[PDB]
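Participant: coords below, sequence missing:
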Ligand code: HEM
């Protein structure tokens, strides 16, 4: 009903404050995002942009203010979408990441068992084995792209395990997720073909339905239930009939794959980029390997794989000396908050023994705090544990290529030369 090409981004000092548009999906790639958000934090921490390709929106850029917006779901709704823009027509799917309580609470309870700490503990052998195997497969006499060989490879195996997806088809979960999460209308991503998105959403719905029916058929034949989400959903009375609720069914399954896809991937890659910019931290790590758990938090803080989550004001809200109007879109820029010097001293430095590194907001805060935070930290810890066993040095031999997006902060190309230890 009713009615992106890259260009050089100018110095933020050349702009009136009302003309700063941080929805530009090239701000991260071009390294301008730090100066743009710092100007916002300093002089417009609750900022209204009237004109953007996504329409008007508020930017909330200070750590303390983002906490308030994220935790106050009675003032700022997560519905109906948490990306800055809109999904293409015909591709809206309800996910509980874009739902307020109580309904958010009910839907998250039906899937949260898949990351139960007892289950993650039991899967450590498999994760570490996969993490050992891919690392042993990497060449040490020539450089290679770390993104497909390591980050995406380990991420895709993990996603397959989570759903018991056919392993040989796991590349499909990632390709579908990338196209869906990289919609030009939603995040300024490079996917602008609505035809391919319609084909993906149909292949994906058909694939999840086949997986559901194959699993119930295997369970009816006596196969013991497992750790995966489908086994868990078919073991609980509330969700044993979830296929008869297609919106809930597709919504929960797509959220799990999109939630863990480029987040895990870009956190695996981003640690190497941070180490490259701050090489003394790798010597500190080698001499004190017990720093790995805290370093994982510092990698996640420094990388902030998801730059923001978006809300809609449910009423007029006074915040930062401004009046957010009912209905306005409000963007909580985690990428800015994690660089806020009011919260972190020396915020742009990668400091692996930073004592308050675990207080980052890359997972958000409030009822929507990332459900897979422990799963992500676990894979990242194991990754660096297995790196230290094998490699005395790691070299980035080319400027990393960063992904076009205002939402995902990640890398498509990371060329790495490995040096084994003695
Ligand atoms: C470093 C890794 C990760 C980061 C930075 C990250 C980031 C986030 C963020 C920012 C949110 C929303 C927070 C908010 O609105 O307050 C979120 C929620 C969510 N994430 Fe993650 N994520 C990561 C890993 C994962 C993984 C591995 C999975 C799946 C296994 C996952 C699945 C989800 C789900 C299902 C939600 C919805 C939670 C809810 O609405 O209650 N995430 N994540």
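Facilitator: All right, it came through fine. Numbering: from 1, shown residues only.
Participant: so what's residue 409 up against?
Facilitator: 28, 266, 270, 303-307, 335, 402-403 (Cβ atoms under 8 Å, 6 or more residues apart in numbering). Heads up, the C-betas are built off the backbone N, CA and C, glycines and all.
Participant: residues in the protein within reach of the ligand, list them.
Facilitator: Neighbours of the ligand within the chain, by Cβ under 6 Å from any ligand atom: 70, 96-97, 108, 162, 255-256, 259-260, 263-264, 267, 300, 305-306, 309, 334, 362-366, 368-372, 375-376.
Participant: Nearest residue to residue 274 in space, please, no chain neighbours.
Facilitator: Once flanking residues are discounted, residue 274 sits nearest to residue 350: 4.1 Å by Cβ to Cβ, 6 or more residues apart in numbering.
Participant: Remind me which helix or strand that neighbour belongs to.
Facilitator: Under the criterion DSSP states H and E, no helix or strand holds residue 350.
Participant: got the phi/psi numbers for it?
Facilitator: Note on residue 350: backbone dihedrals following degrees, to the nearest 10 are phi -90, psi 110.
Participant: any idea how far residue 222 is from it?
Facilitator: Residue 350 sits 51 Å away from residue 222, going by Cβ to Cβ, to the nearest Å.
Participant: picking that back up, if you look at the residues of the chain next to the ligand, which of them are in strands?
Facilitator: Cross-referencing those against strands under DSSP state E gives residue 309.
Participant: Among the residues of the chain next to the ligand, which lie within helices?
Facilitator: 70, 108, 162, 255-256, 259-260, 263-264, 267, 300, 334, 375-376 (DSSP state H).
Participant: What residue in the stretch 101-250 of the chain comes nearest to the ligand?
Facilitator: residue 108 (4.7 Å; Cβ to the nearest ligand atom).
Participant: err, the stretch 201-350 of the chain, not the other one
Facilitator: The minimum distance from the stretch 201-350 of the chain to the ligand, using Cβ to the nearest ligand atom, falls at residue 259 (2.4 Å).
Participant: Can you name the residues that contact the residue nearest the centre of the chain?
Facilitator: Taking Cα atoms, centre = their mean as the criterion, residue 263 is the residue nearest the geometric centre of the chain, at 3.2 Å. Taking Cβ under 8 Å, 6+ apart, we find residue 263 in contact with 305-306, 370, 372, 376.
Participant: go with 7 Å
Facilitator: By Cβ atoms under 7 Å, 6 or more residues apart in numbering, the contact list for residue 263 reads 305-306, 376.
Participant: now the strands for this protein?
Facilitator: 46-49, 57-60, 76-77, 144-145, 309-313, 317-319, 322-324, 329-332, 391-396, 401-402, 411-413, 415-420.
Participant: of all these, which lies closest to residue 115?
Facilitator: Nearest to residue 115, of all the strands of the chain, is strand 309-313, at 19.1 Å by Cβ to Cβ.
Participant: ok, the closest one: who's next to it in the sheet?
Facilitator: Here strand 309-313 is paired, per DSSP bridges, with strand 76-77 (antiparallel), strand 329-332 (antiparallel).
Participant: Mind picking the two most distant members of the contacts of residue 409?
Facilitator: 306 and 402 (14.4 Å).
Participant: count of neighbours near the residue of the stretch 201-350 of the chain closest to the ligand?
Facilitator: Residue 259 has 22 neighbouring residues, counting by other Cβ atoms under 10 Å.
Participant: Residue 372 is in contact with that one, correct?
Facilitator: Yes. Assessed by Cβ atoms under 7 Å, residue 259 is found in contact with residue 372 at 5.9 Å.
Participant: what's the spatially closest residue to residue 32 that is not a sequence neighbour in contact with, if anything?
Facilitator: Among residues not flanking residue 32 along the chain, residue 9 sits closest, at 4.6 Å (Cβ to Cβ, 6+ apart). Counting by Cβ under 7 Å, 6+ apart, residue 9 touches 24, 26-27, 30, 32.
Participant: out of those residues, which one sits closest to residue 327?
Facilitator: Once Cβ to Cβ is applied, the member of the contacts of residue 9 that ends up nearest residue 327 is residue 24, at 23.7 Å.
Participant: before we move on, back to that, is it possible to export the contacts of residue 263 to a markdown table including neighbour count?
Facilitator: Putting those into a markdown table (neighbours: other Cβ atoms under 10 Å) gives the following:
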| residue | neighbour count |
| --- | --- |
| 305 | 24 |
| 306 | 22 |
| 376 | 23 |
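Participant: quick revisit: residues contacting the residue of the stretch 201-350 of the chain closest to the ligand?
Facilitator: Counted by Cβ under 7 Å, 6+ apart, residue 259 has contacts residue 372.
Participant: Now for the closest residue to residue 153 other than its chain neighbours, how many residues are close by?
Facilitator: The shortest distance from residue 153 to any non-neighbouring residue, by Cβ to Cβ, 6+ apart, is to residue 134 (5.4 Å). For residue 134, the neighbour count with other Cβ under 10 Å is 17.
Participant: For residue 134, give its distance to residue 266.
Facilitator: From residue 134 across to residue 266, the span is 17 Å (Cβ to Cβ).
Participant: Same check on residue 102?
Facilitator: 32 Å.
Participant: Neighbour count for these two, which is higher?
Facilitator: Under the criterion of other Cβ under 10 Å, the comparison of residue 102 against residue 266 puts residue 266 first, with 26 against 8.
Participant: residues in contact with that one?
Facilitator: Residue 266 makes contact with 303, 305, 408-411 under the criterion Cβ under 7 Å, 6+ apart.
Participant: Could I get the phi/psi values of the residue in the chain sticking out farthest from the centre?
Facilitator: Distance from the centre of the chain peaks at residue 221, with 37.3 Å (Cα atoms, centre = their mean). Backbone geometry at residue 221, expressed as degrees, to the nearest 10, gives phi -90, psi 0.
Participant: Helices of the stretch 1-150 of the chain, residue ranges please.
Facilitator: 33-43, 63-71, 103-111, 117-122, 124-137, 146 (DSSP state H, counting those that start in this stretch).
Participant: Can you check which of the ones you listed gets nearest to residue 382?
Facilitator: Ranking the helices of the stretch 1-150 of the chain by their distance to residue 382 (criterion: Cβ to Cβ) puts helix 124-137 first, at 5.0 Å.
Participant: Having no further points to raise, I will conclude here.
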